[PDB]
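J.: Structure incoming, see below.
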2 protein chains.
Amino acid sequence: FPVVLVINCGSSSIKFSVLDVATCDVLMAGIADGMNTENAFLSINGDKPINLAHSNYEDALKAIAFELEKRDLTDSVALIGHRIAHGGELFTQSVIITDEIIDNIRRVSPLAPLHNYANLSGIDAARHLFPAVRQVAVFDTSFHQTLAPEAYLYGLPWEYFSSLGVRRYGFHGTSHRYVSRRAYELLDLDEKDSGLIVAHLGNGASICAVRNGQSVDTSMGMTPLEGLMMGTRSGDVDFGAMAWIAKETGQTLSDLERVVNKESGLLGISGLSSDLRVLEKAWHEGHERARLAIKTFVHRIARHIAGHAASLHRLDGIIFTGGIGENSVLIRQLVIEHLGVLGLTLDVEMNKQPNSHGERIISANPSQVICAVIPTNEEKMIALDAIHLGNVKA
Amino acid sequence: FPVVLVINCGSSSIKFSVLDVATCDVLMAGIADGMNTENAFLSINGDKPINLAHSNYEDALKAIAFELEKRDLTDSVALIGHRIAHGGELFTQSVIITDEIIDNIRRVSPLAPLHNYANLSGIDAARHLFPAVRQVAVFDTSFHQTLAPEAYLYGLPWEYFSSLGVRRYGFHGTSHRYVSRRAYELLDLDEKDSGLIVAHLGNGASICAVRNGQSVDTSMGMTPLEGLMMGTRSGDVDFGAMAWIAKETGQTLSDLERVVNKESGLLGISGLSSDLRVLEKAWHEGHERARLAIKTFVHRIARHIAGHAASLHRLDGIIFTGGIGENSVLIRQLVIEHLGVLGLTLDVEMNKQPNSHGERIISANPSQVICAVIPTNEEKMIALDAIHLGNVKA
Ligand SMILES: Nc1ncnc2c1ncn2[C@@H]1O[C@H](COP(=O)(O)OP(=O)(O)OP(=O)(O)OP(=O)(O)O)[C@@H](O)[C@H]1O
Ligand SMILES: Nc1ncnc2c1ncn2[C@@H]1O[C@H](COP(=O)(O)OP(=O)(O)OP(=O)(O)OP(=O)(O)O)[C@@H](O)[C@H]1O
């Protein structure tokens with residue numbers, strides 16, 4: 001039984017998973033943290049954090065390579081899937097990695113320079129170590145390329161779009177794609193005749209409108225910065241306000257960029273934590289700024305869910321997914337109550353059930369729109385694209 | 001029969017109106033354009049553009065003062081209403097202008113420096129020329145102060161709000177207030193038990209959610225830049241995208257600020273006109289970029305209308321107002337069709353009727369939500385606040 005090797009190269013780390021081709025089961029998982037720094041270490045299943053100090057993207061990938069031999073599954077690796085940050089306008093679906101693709105990934109790289117170079121470092125590393133192994137590129141953006149111009153164009157002058165490529169792209173595509181597919185089965189809906197709203201809520205948070213199997217509107221923009229307020233990200237922010245802060249504090253464009261990325265969001269308002277689970281406890285203990293941060297977070301989600309419903313002809317399902325979506329009973333209820341206008345009644349027996357209950361409906365019967373939780377599995381989706389492309393001949 | 005003098009001092013001009021106290025009828029209207037420049041001129045009813053070259057805010061206001069004597073109504077002026085751009089956090093309602101207010105208007109001025117100084121120039125000018133005449137300040141923001149923190153807080157660090165005042169304020173309040181009040185009569189709704197969405201669409205465009213008589217959510221942010229795409233304004237724009245353009249073209253924060261204000265929006269996408277009526281004709285003549293600009297404009301409105309509905313417990317009415325709202329048959333229909341999810345059926349007989357038909361329902365009977373057009377009258381609303389405050393003793 002062959003296996004798939006999934007790779008997600010961030011700027012700071014390398015996340016991986018080894019899934020069985022036969023069943024799509026997780027056989028192994030690990031992280032290679034502190035990349036390009038003075039100290040780099042690898043942790044698999046939380047066995048023993050082995051530290052090969054000062055190691056690059058290739059060295060750490062070679063470290064996982066040793067560990068695949070150790071656990072005697074190295075020669076069973078039939079496919080390698082790469083998560084790519086930004087596919088630009090060029091990628092509509094997942095592709096088998098060839099020289100062409102590598103050039104095309106480098107071509108769109110300027111749009112997400114930090115994250116994409118890491119992906120390219122990982123593709124080369126995996127190519128080097130695994131030679132006759134078919135490799136697949138899977139893009140966070142591809143699912144959102146079905147959007148019409150009215151949905152992806154900015155109010156900015158046409159020039160910026162045509163010559164520089166400034167448009168809405170959207171992220172969490174793989175998750176949005178996976179969850180949406182799964183919702184067709186659980187809700188027993190006809191894909192080609194449906195309208196779903198998906199709320200991927202974790203550290204990064206985005207909404208997506210899925211009309212008849214296609215993505216028609218999405219929360220995030222050119223960068224992951226637009227839309228919902230997140231763990232450390234501000235989300236929807238008035239540009240006037242942003243430029244006003246610049247003049248008032250004498251901060252540079254780069255300064256503000258760091259603030260909206262790493263200092264804002266839930267962390268920003270509460271001034272306590274970026275982690276939602278911590279902020280839930282602080283509210284319980286009478287922390288107002290944590291309570292505000294959640295109420296606001298809830299509010300911007302409800303606003304964007306309702307907002308995204310406009311791009312549907314009919315609203316059949318609202319689906320929660322991600323770290324917060326799948327696990328936070330509070331946030332799910334608060335968001336839904338904020339959407340009472342859409343004629344939703346919640347089943348609090350079903351909303352109380354923990355994530356172990358997996359794919360679950362949480363709406364009551366008098367509800368005009370079905371609510372459900374569907375655990376996202378991006379590794380499984382990257383595997384399936386790879387398997388399909390594994391049967392292809394290129 | 002006494003009269004009210006309404007004044008709106010922009011950076012470039014002074015708009016005025018003389019309304020009869022007895023009936024709220026327009027007796028006179030005019031503009032003082034090209035302010036502080038080498039050439040300043042006054043036009044009343046389009047009679048004869050008289051030009052007093054190189055004149056300040058006081059000189060032009062003194063020119064209108066002469067014309068009020070000429071038409072023998074100078075001594076009938078019982079009240080003077082001033083439109084203020086930014087009331088900050090200090091003003092919840094309209095106030096009788098006193099020294100205190102002047103200080104308080106100067107205090108919040110930094111938030112909208114260009115527009116507010118003009119208002120203050122106008123208040124002093126009117127005070128100078130009209131001494132024993134009661135004067136009222138009316139704020140574009142005041143109506144939106146009912147918003148809860150969850151609705152007005154940004155994802156930015158708490159510090160920016162508490163020490164600098166960076167929050168959502170919202171604009172077109174007077175219009176939103178007037179139109180909403182009027183909708184209670186036309187739709188025969190109980191104010192204290194209602195949920196309305198108001199779409200003020202002109203050169204500046206903003207949405208407002210009115211729950212039980214109060215404003216609970218609004219499109220624009222700290223500055224008029226946030227929210228809907230407008231004539232020359234971009235609207236909702238990803239900050240990542242904005243900072244990316246800065247690095248790519250080497251433009252300053254001020255450069256980009258000019259672009260999103262005066263070069264973007266409908267003007268931006270079409271690359272033809274900021275005027276909607278012109279762009280409607282271009283589409284008819286097969287202009288794609290004008291057609292896109294409209295389709296996008298329609299899209300962001302439908303998105304924000306649906307989005308704002310979340311802050312209501314029930315959706316009773318969607319009301320169109322402003323230059324575009326009251327007059328464009330196309331945009332009204334396109335927006336409503338984009339909101340089919342909300343269960344709206346349109347009466348196209350009623351939607352075809354021109355603005356002469358005034359306050360009019362445009363929705364069909366099977367429609368779950370009532371649609372209507374209500375012409376905004378900001379001068380009438382400024383008059384009514386002034387009349388009420390005229391009966392007060394301060
Ligand atoms: N039991 C729980 N109750 C409440 N909140 C919980 C509970 N368990 C986790 N969280 C919150 O979920 C957030 C992390 O979500 P994630 O999906 O694991 O974040 P990720 O970073 O791994 O995935 P993303 O999908 O965000 O990746 P990117 O967007 O960054 O690419 C925590 O805030 C936690 O409080
Ligand atoms: N008959 C018409 N059909 C289609 N469009 C029309 C028709 N008549 C006018 N417009 C469009 O309306 C816009 C101007 O609206 P406005 O309300 O007069 O603009 P304003 O500047 O006077 O008022 P605002 O409410 O925008 O003020 P601020 O926000 O700037 O404070 C034009 O685009 C025209 O095409």
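How things are named: the first chain in the structure tokens is A, the next is B, and so on; residues count from 1 in each chain; ligands count from 1 in the order shown.
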Find the spatial neighbours of segment 41-50 of chain B, counting only C-alpha atoms, within a cut-off of 8 Å - ignore same-chain residues fewer than 2 positions away - and output them as a count of residues only.
T.: 12
J.: Among the residues of segment 174-255 of chain B, find those DSSP assigns to strand (DSSP E or B) from the backbone and print them as a list in words.
T.: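 Of segment 174-255 of chain B, only residues 195, 196, 197, 198, 199, 200, 201, 205, 206, 207, 208, 209, 210, 211, 214, 215, 216, 217 and 218 of chain B fall in strand (DSSP E or B).
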J.: Take the residues from that selection and write them out as a JSON list (two decimals), in the first residue's frame, keeping N, CA and C atoms.
T.:
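Writing done, so here's selection_19.json:
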[["chain", "number", "residue", "atom", "x", "y", "z"],
["B", 195, "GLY", "N", -36.98, 46.99, 11.55],
["B", 195, "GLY", "CA", -35.63, 46.82, 11.04],
["B", 195, "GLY", "C", -35.56, 47.25, 9.59],
["B", 196, "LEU", "N", -34.86, 48.36, 9.34],
["B", 196, "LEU", "CA", -34.74, 48.92, 7.99],
["B", 196, "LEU", "C", -33.29, 48.91, 7.52],
["B", 197, "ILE", "N", -33.10, 48.72, 6.22],
["B", 197, "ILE", "CA", -31.80, 48.94, 5.58],
["B", 197, "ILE", "C", -31.95, 50.12, 4.62],
["B", 198, "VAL", "N", -31.09, 51.12, 4.77],
["B", 198, "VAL", "CA", -31.14, 52.31, 3.92],
["B", 198, "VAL", "C", -29.88, 52.39, 3.07],
["B", 199, "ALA", "N", -30.08, 52.55, 1.76],
["B", 199, "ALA", "CA", -28.98, 52.68, 0.82],
["B", 199, "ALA", "C", -28.92, 54.09, 0.23],
["B", 200, "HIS", "N", -28.12, 54.95, 0.86],
["B", 200, "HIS", "CA", -27.86, 56.28, 0.33],
["B", 200, "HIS", "C", -26.82, 56.17, -0.78],
["B", 201, "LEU", "N", -27.27, 56.35, -2.02],
["B", 201, "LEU", "CA", -26.40, 56.19, -3.18],
["B", 201, "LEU", "C", -26.35, 57.47, -4.02],
["B", 205, "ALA", "N", -21.49, 57.20, -1.21],
["B", 205, "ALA", "CA", -22.46, 56.12, -1.03],
["B", 205, "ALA", "C", -22.21, 55.34, 0.25],
["B", 206, "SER", "N", -23.26, 55.18, 1.06],
["B", 206, "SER", "CA", -23.16, 54.42, 2.31],
["B", 206, "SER", "C", -24.47, 53.71, 2.65],
["B", 207, "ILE", "N", -24.34, 52.58, 3.33],
["B", 207, "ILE", "CA", -25.49, 51.81, 3.81],
["B", 207, "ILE", "C", -25.64, 52.04, 5.31],
["B", 208, "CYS", "N", -26.86, 51.87, 5.82],
["B", 208, "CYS", "CA", -27.13, 51.97, 7.24],
["B", 208, "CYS", "C", -28.23, 51.01, 7.68],
["B", 209, "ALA", "N", -27.98, 50.32, 8.79],
["B", 209, "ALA", "CA", -28.96, 49.43, 9.39],
["B", 209, "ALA", "C", -29.66, 50.16, 10.52],
["B", 210, "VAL", "N", -30.98, 50.31, 10.39],
["B", 210, "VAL", "CA", -31.75, 51.00, 11.42],
["B", 210, "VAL", "C", -32.65, 50.00, 12.13],
["B", 211, "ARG", "N", -32.25, 49.65, 13.35],
["B", 211, "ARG", "CA", -33.03, 48.75, 14.20],
["B", 211, "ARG", "C", -33.77, 49.57, 15.24],
["B", 214, "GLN", "N", -32.93, 53.21, 15.82],
["B", 214, "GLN", "CA", -31.51, 53.52, 16.04],
["B", 214, "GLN", "C", -30.61, 52.92, 14.97],
["B", 215, "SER", "N", -29.51, 53.62, 14.68],
["B", 215, "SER", "CA", -28.49, 53.13, 13.76],
["B", 215, "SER", "C", -27.61, 52.11, 14.48],
["B", 216, "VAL", "N", -27.51, 50.90, 13.91],
["B", 216, "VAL", "CA", -26.78, 49.80, 14.56],
["B", 216, "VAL", "C", -25.56, 49.34, 13.78],
["B", 217, "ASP", "N", -25.51, 49.68, 12.49],
["B", 217, "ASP", "CA", -24.36, 49.40, 11.64],
["B", 217, "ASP", "C", -24.40, 50.32, 10.42],
["B", 218, "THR", "N", -23.22, 50.72, 9.95],
["B", 218, "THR", "CA", -23.10, 51.63, 8.81],
["B", 218, "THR", "C", -21.86, 51.34, 7.95]]
J.: Could I get the residue neighbourhood of ligand 1 at 6 Å, counting only C-alpha atoms and all ligand atoms, as a ChimeraX atom specification?
T.: /A:202-204,275-277,322-324,327-328
J.: Do a neighbour search on residue 378 of chain B at 8 Å with only C-alpha atoms, toss out local chain neighbours closer than 6 positions, and write the hits as a PyMOL selection string.
T.: chain B and resi 174-175+178
J.: I need the chain B residues near chain A as a PyMOL selection string; criterion: at most 6 Å, counting only C-alpha atoms.
T.: chain B and resi 150+155-158+221-223+225-226+229+234+238+240-241+264-265+268-269+295-296+303-304+306-307+310+313-314+339-341
J.: Fewer than 2 positions away in the same chain doesn't count, so skip those; otherwise give me all residues within 9 Å of residue 358 of chain B, counting only C-alpha atoms, as a list in words.
T.: residues 326, 354, 355, 356, 360, 373, 374 and 375 of chain B
J.: Please identify all polymer residues within 12 Å of residue 65 of chain B, counting only C-alpha atoms, omitting same-chain residues fewer than 3 positions from it, and present them as a list in words.
T.: residues 5, 16, 18, 42, 58, 59, 60, 61, 62, 68, 69, 70, 71, 72, 73, 74, 75, 77, 125, 126, 128, 129 and 130 of chain B
J.: Keeping N, CA, C and O atoms, export the residues of the selection given above as a compact mmCIF listing (two decimals), in the first residue's frame.
T.:
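And here is the file that came out, out.txt:
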# COMPACT_ATOMS: atom_id res chain seq x y z
N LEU B 5 -31.78 79.44 7.43
CA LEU B 5 -30.64 79.49 6.52
C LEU B 5 -29.74 78.27 6.74
O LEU B 5 -29.10 78.15 7.78
N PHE B 16 -25.79 76.65 0.05
CA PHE B 16 -26.79 77.18 0.97
C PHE B 16 -28.22 77.00 0.49
O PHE B 16 -28.46 76.75 -0.70
N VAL B 18 -32.42 78.57 1.63
CA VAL B 18 -33.33 79.31 2.50
C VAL B 18 -34.70 78.65 2.47
O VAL B 18 -35.41 78.71 1.47
N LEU B 42 -20.31 83.46 -7.20
CA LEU B 42 -21.58 83.07 -6.58
C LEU B 42 -22.68 82.90 -7.63
O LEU B 42 -22.84 83.74 -8.51
N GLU B 58 -15.61 84.28 4.52
CA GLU B 58 -16.37 85.39 5.08
C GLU B 58 -16.93 86.30 3.99
O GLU B 58 -18.08 86.74 4.07
N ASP B 59 -16.12 86.57 2.96
CA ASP B 59 -16.50 87.45 1.86
C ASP B 59 -17.68 86.91 1.06
O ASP B 59 -18.61 87.65 0.73
N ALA B 60 -17.64 85.61 0.75
CA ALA B 60 -18.72 84.94 0.02
C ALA B 60 -20.00 84.86 0.85
O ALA B 60 -21.10 85.03 0.31
N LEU B 61 -19.86 84.61 2.15
CA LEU B 61 -21.00 84.58 3.06
C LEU B 61 -21.61 85.97 3.21
O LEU B 61 -22.81 86.10 3.45
N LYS B 62 -20.76 86.99 3.08
CA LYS B 62 -21.21 88.38 3.07
C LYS B 62 -21.90 88.73 1.75
O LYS B 62 -22.76 89.61 1.70
N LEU B 68 -29.66 88.32 0.37
CA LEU B 68 -30.79 88.09 1.26
C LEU B 68 -31.53 89.39 1.55
O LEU B 68 -32.75 89.40 1.72
N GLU B 69 -30.77 90.49 1.60
CA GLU B 69 -31.35 91.83 1.72
C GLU B 69 -32.05 92.24 0.43
O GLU B 69 -33.15 92.79 0.46
N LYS B 70 -31.40 91.96 -0.70
CA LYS B 70 -31.94 92.26 -2.02
C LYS B 70 -33.32 91.64 -2.22
O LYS B 70 -34.25 92.31 -2.68
N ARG B 71 -33.46 90.38 -1.83
CA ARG B 71 -34.72 89.65 -1.99
C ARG B 71 -35.64 89.84 -0.77
O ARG B 71 -36.63 89.11 -0.60
N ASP B 72 -35.29 90.82 0.07
CA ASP B 72 -36.10 91.25 1.22
C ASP B 72 -36.59 90.13 2.13
O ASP B 72 -37.79 90.01 2.40
N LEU B 73 -35.65 89.32 2.62
CA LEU B 73 -35.96 88.27 3.58
C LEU B 73 -34.89 88.16 4.67
O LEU B 73 -34.95 87.26 5.52
N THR B 74 -33.94 89.08 4.64
CA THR B 74 -32.82 89.12 5.58
C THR B 74 -33.26 89.13 7.04
O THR B 74 -32.72 88.39 7.86
N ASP B 75 -34.25 89.97 7.35
CA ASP B 75 -34.71 90.17 8.72
C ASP B 75 -35.69 89.09 9.17
O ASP B 75 -36.11 89.06 10.33
N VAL B 77 -34.86 85.84 8.78
CA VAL B 77 -33.99 84.73 9.18
C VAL B 77 -33.98 84.56 10.70
O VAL B 77 -33.36 85.35 11.42
N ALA B 125 -18.18 82.98 10.31
CA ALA B 125 -18.71 83.92 9.32
C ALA B 125 -20.18 84.24 9.55
O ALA B 125 -20.58 85.41 9.55
N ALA B 126 -20.99 83.20 9.76
CA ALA B 126 -22.41 83.36 10.03
C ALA B 126 -22.66 84.04 11.37
O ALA B 126 -23.59 84.83 11.50
N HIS B 128 -20.58 86.21 12.77
CA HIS B 128 -20.18 87.60 12.54
C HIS B 128 -21.29 88.44 11.90
O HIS B 128 -21.65 89.51 12.40
N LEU B 129 -21.85 87.93 10.80
CA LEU B 129 -22.86 88.64 10.01
C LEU B 129 -24.23 88.61 10.66
O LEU B 129 -24.95 89.61 10.64
N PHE B 130 -24.60 87.47 11.23
CA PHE B 130 -25.88 87.32 11.91
C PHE B 130 -25.64 87.14 13.41
O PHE B 130 -25.21 86.07 13.85
J.: At a cut-off of 10 Å, using only C-alpha atoms, what residues contact residue 101 of chain A? Leave out same-chain residues fewer than 4 positions from it and give the result as a CSV table (one decimal) with C-alpha atoms, in the first residue's frame.
T.:
chain,number,residue,atom,x,y,z
A,87,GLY,CA,-1.4,30.6,-7.4
A,90,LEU,CA,-2.6,31.2,-13.6
A,91,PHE,CA,-3.9,28.2,-11.6
A,95,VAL,CA,-1.3,20.4,-11.4
A,96,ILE,CA,1.4,17.8,-11.7
A,97,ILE,CA,4.7,19.8,-10.9
A,105,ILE,CA,5.0,29.8,-9.4
A,106,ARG,CA,8.0,32.1,-9.5
A,107,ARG,CA,6.1,34.4,-11.9
A,136,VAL,CA,1.6,17.8,-7.2
A,137,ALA,CA,1.1,21.5,-6.6
J.: May I ask for the distance between atom CA of residue 38 of chain A and atom CA of residue 51 of chain A, given in Å to one decimal place?
T.: 10.8 Å
J.: From a DSSP calculation on the backbone, collect every residue of segment 115-210 of chain B in helix (DSSP H, G or I) and output the set as number ranges by chain.
T.: B: 115-129, 142-146, 149-152, 158-164, 173-186
J.: Do you have the atom CA of residue 190 of chain B-atom CA of residue 389 of chain B distance handy?
T.: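 If I compute the distance from atom CA of residue 190 of chain B to atom CA of residue 389 of chain B, I get 25.5 Å.
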J.: With distances taken over only C-alpha atoms, which of B:251, B:141, B:163, B:11 is nearest to residue 93 of chain B?
T.: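 The closest residue to residue 93 of chain B is B:141.
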J.: Could you state the separation of atom 32 (C, counted along the ligand's line) of ligand 2 and atom CA of residue 37 of chain B in Å, given to one decimal place?
T.: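 Between atom 32 (C, counted along the ligand's line) of ligand 2 and atom CA of residue 37 of chain B the gap is 25.5 Å.
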J.: Between B:15, B:172, B:182, B:54, which residue has the minimum interatomic distance to ligand 2, considering only C-alpha atoms and all ligand atoms?
T.: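 For ligand 2, the nearest of the given residues is B:172.
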J.: Rank B:279, B:183, B:79, B:21 by their smallest atom-to-atom distance to ligand 2, using only C-alpha atoms and all ligand atoms, and report the top residue only.
T.: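 Using only C-alpha atoms and all ligand atoms, ligand 2 sits closest to B:279.
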